[PDB]
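Undergrad: Got a structure here, written out as structure tokens. Questions coming.
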Amino acid sequence: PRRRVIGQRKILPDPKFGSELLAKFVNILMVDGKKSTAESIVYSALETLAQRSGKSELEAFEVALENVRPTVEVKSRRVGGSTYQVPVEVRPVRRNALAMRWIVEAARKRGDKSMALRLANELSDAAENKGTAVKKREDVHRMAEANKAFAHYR
Amino acid sequence: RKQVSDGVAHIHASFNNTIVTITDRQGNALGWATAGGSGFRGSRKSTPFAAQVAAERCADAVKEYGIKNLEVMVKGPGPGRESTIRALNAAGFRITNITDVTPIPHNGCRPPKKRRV
Amino acid sequence: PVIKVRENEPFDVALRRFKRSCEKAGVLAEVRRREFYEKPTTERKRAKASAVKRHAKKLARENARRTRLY
RNA sequence: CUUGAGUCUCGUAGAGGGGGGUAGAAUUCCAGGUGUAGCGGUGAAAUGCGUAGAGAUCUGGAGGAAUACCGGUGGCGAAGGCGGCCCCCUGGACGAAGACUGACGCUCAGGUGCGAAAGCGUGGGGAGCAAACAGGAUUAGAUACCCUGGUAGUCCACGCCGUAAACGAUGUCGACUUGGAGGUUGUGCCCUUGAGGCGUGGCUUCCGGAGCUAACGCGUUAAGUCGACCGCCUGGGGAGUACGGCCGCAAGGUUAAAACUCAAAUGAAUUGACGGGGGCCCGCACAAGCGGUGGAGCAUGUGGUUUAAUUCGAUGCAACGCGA
Ligand SMILES: [Mg+2]
Ligand SMILES: [Mg+2]
Ligand SMILES: [Mg+2]
Ligand SMILES: [Mg+2]
Ligand SMILES: [Mg+2]
Ligand SMILES: [Mg+2]
Ligand SMILES: [Mg+2]
Ligand SMILES: [Mg+2]
Ligand SMILES: [Mg+2]
Ligand SMILES: [Mg+2]
Ligand SMILES: [Mg+2]
Ligand SMILES: [Mg+2]
Ligand SMILES: [Mg+2]
Ligand SMILES: [Mg+2]
Ligand SMILES: [Mg+2]
Ligand SMILES: [Mg+2]
Ligand SMILES: [Mg+2]
Ligand SMILES: [Mg+2]
Ligand SMILES: [Mg+2]
Ligand SMILES: [Mg+2]
Ligand SMILES: [Mg+2]
Ligand SMILES: [Mg+2]
Ligand SMILES: [Mg+2]
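Below, the structure is given as structure tokens:
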């Protein structure tokens, strides 16, 4: 907005693991205000992922996030009448949010049957670093590299 | 194959392009590089970053000659004019002298006509 | 704008001196002005405008800006 | 007769004019060295140039044009105009003290001369730039703007032309009328005690009083108060055109109408609105996001077509599940 530095809104942590990040993921996943359903799906996915990959639900989830967060995105600065795609360093809250968003979209795309199954598969893929959300991040980075000449001349 | 240790870096920095040319102190060129050959075209090759990577490329090219000291002669009005020298220093030569040799006439030949844009 | 880096002078410092020397010399400005042929009439007109604006601005600041702004 | 006008003496500053030398920087080209795939250009490209070795870089050479910094609302000139340095020829302005002539003055129709740039003739010269022209883009088109080239011309000699927003849009000469801040160039005194204090001339920039003006503004360099002489105007268009004359190699210049036609055309300022003006600011205006519509079936309203009738109204946002 023009004249607003509004206060960030309060998100409660999810009951199973007490995690704010996990709560945010659930919110992003949710559709039509159906939170209960979203949390069930997220928990199912986490449980399967933990069983498949290892340590905990939260550690596995974190690993996936680490492989899908973007360091740099691009904006379109339009000053000389034409638009320069400029790179820009993506701040941490955005990095988590964007990564989560990408993961959920990839999961939605994916061909497995249950949503939980798709989510688990996608997360595992992210952890390995051979999935589609990861591909998306790679594409974003590639664009930033291409437009690196317009990095610190905005 | 030869070694010289001390070169001159001629940074021709026009508005469109940056040419970097390392030479022996006498005038004979050792290696060169441009933002164009460095992989930038148009809006991208007319930028400081392009000049910097051109400089890096030039330094790499003349690595065979083992040049340690280097004096830089900057020419023209350019987006680099600084990036190139910074890059060269980073690439790791001792910059000894920095000289501007932009050719100003003493009211000589007529310039081309003004652009109407 | 010739500069020679003195003993124990940092590179950044050397760069700073070089830039200052160039600015003082006025090389970039000269080149930019000599990029295209300014007509003599244009040069005269620009000079006149510069003189008028400078004088007017100075008068306004010193004499007109001697009042209570608030 | 000496107060206007001029002469002589001594200095002063000046891109004033004419002629002849010369210097350095830079562009172009040429030859050679080094060296390798790009250069150039643009909003982005392409034409163009480059592996037949370009661009870059160093050396040498050729040649033409123009004189960076100094450089200034600085200076000089009647105006046009004049810009590196040196010499030769040469015109004017200004100050100082005197001396001299003794109204010798001001203006000027015809006339005469000078008169940017472009243009013309003849002979040179030709680097850069660049009408015309060519190709590439852009575009609906693009006989333009932009890009790459490029010939007259720009330069020199000597002739012509004779015009410009040739403008201060302000004819020349003279006198008189409150001020302030500068620039430049003389000169008198003050110890120049220092770059400095007080005068007195010339040219010059800005601001401003009275007065003037339609207003804008001008304001001791008047657009104020006056005197002499000249030039010019009499509604917009037709028209600075036609015809005639004169001048010109030509392009054209100069002098300069009439019919016909309209009731306006203009100047300055005011209030709005508008601007691909400028500054500041807001709004789900964009941005960041989430979900739709536009595809499908159906509901409903509208346009249309059909009908005997398809009642009438709403119909850019701000009509179209609206009156209903
Ligand atoms: Mg050009
Ligand atoms: Mg003189
Ligand atoms: Mg004079
Ligand atoms: Mg006459
Ligand atoms: Mg001429
Ligand atoms: Mg001729
Ligand atoms: Mg000829
Ligand atoms: Mg040309
Ligand atoms: Mg052209
Ligand atoms: Mg006339
Ligand atoms: Mg004039
Ligand atoms: Mg007139
Ligand atoms: Mg007269
Ligand atoms: Mg005034
Ligand atoms: Mg009439
Ligand atoms: Mg005529
Ligand atoms: Mg006639
Ligand atoms: Mg949006
Ligand atoms: Mg539909
Ligand atoms: Mg339809
Ligand atoms: Mg409708
Ligand atoms: Mg109806
Ligand atoms: Mg109706």
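Here the protein sequences line up with chains A, B and C, keeping their order. Taking my numbering, the leading residue of the first sequence gets 337, the next gets one more, and so forth. Taking my numbering, the leading residue of the second sequence gets 16, the next gets one more, and so forth. Taking my numbering, the leading residue of the third sequence gets 395, the next gets one more, and so forth. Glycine residues also receive a C-beta, built at the ideal position from the N, C-alpha and C atoms.
1) Counting Cβ pairs closer than 8 Å, one from the stretch 347 to 367 of chain A and one from the stretch 416 to 427 of chain A, do we hit at least three?
2) Residue range of the beta strand (DSSP E) that B/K90 falls in?
3) Anything in chain B within Cβ reach of A/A485, meaning under 7 Å, just list it in chain order.
4) Nearest-angstrom Cα distance between A/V410 and B/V19?
5) Identify whether B/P63 lies in helix, strand or coil by the three-state DSSP scheme.
6) Could you tell me whether the Cβ of B/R125 comes closer than 8 Å to any Cβ of chain C?
7) Which residues in chain B sit within 8 Å of A/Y489, going by Cβ to Cβ distance?
8) Name the one or two DSSP bridge partners that A/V424 has.
9) Taking DSSP as the reference, what is the three-state secondary structure of B/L45?
10) Alpha carbon to alpha carbon, how far is B/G52 from B/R59? Give it in angstroms, no decimals.
11) Determine whether the Cβ of C/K398 lies closer than 8 Å to any Cβ atom of chain B.
12) When you compare each of C/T435, C/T436, C/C416 and C/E403 to B/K90 by their alpha carbons, which one comes out closest?
13) When you compare the CB of C/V421 with every CB in chain B, is at least one pair closer than 8 Å?
14) With C/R428 and B/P126 assumed to form a contact (beta carbons below 8 Å), what rounded beta-carbon distance in angstroms separates them?
15) I need the straight-line Cα distance from B/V116 to A/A463, nearest angstrom please.
16) If contacts are defined as beta-carbon pairs under 8 Å, then B/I82 and B/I119 qualify, I think. What distance do you get, rounded to the angstrom?
17) For my contact list, B/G93 and B/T33 are in at a C-beta cut-off of 8 Å; report their separation, rounded to the angstrom.
18) Tell me the rounded alpha-carbon separation between residue 330 of chain A and B/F30.
19) Mark C/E456 as exposed unless 16 or more other C-beta atoms lie within 10 angstroms of its C-beta, in which case mark it buried.
20) Using the Cβ count rule (16 or more neighbours within 10 Å means buried), how would you classify A/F397?
21) Closest by CA to A/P406, which one among A/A386, A/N432 and A/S460?
22) Could you spell out where the beta strand (DSSP E) holding B/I37 opens and where it closes?
23) Within 10 angstroms of the Cβ of B/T99, are there 16 or more other Cβ atoms? Answer buried if so, exposed if not.
24) Leaving out the 5 sequence neighbours to the left and right, which residues in its chain are closer than 6 Å to residue 153 of chain B when beta-carbon positions are compared?
25) Could you list which residues in chain B have their beta carbon closer than 8 Å to that of C/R428, in chain order?
26) So, with DSSP's three-state summary, where would you put A/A487?
27) With 8 Å set as the bound, which would you pick, yes or no: does the beta-carbon of C/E417 sit closer than that to a beta-carbon of chain B?
28) Do you know whose CA, among C/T436, C/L422, C/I397 and C/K398, lies nearest B/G95's CA?
29) Residues bridged to C/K398 by DSSP?
30) Measuring CB to CB, does A/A469 end up less than 8 Å from A/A442?
TA: Looking at the atomic coordinates:
1) no
2) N84 to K90
3) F55, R59, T62, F64 and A65
4) 44 Å
5) helix
6) yes
7) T62 and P63
8) A/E409
9) strand
10) 12 Å
11) yes
12) C/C416
13) yes
14) 6 Å
15) 56 Å
16) 30 Å between Cβ atoms; not a contact.
17) 6 Å
18) This structure leaves residue 330 of chain A out entirely; chain A is present only between 337 and 490.
19) exposed
20) buried
21) A/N432
22) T33 to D39
23) buried
24) Nothing in the structure corresponds to residue 153 of chain B, since chain B is present only between 16 and 132.
25) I119, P120 and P126
26) coil
27) no
28) C/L422
29) B/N112
30) yes
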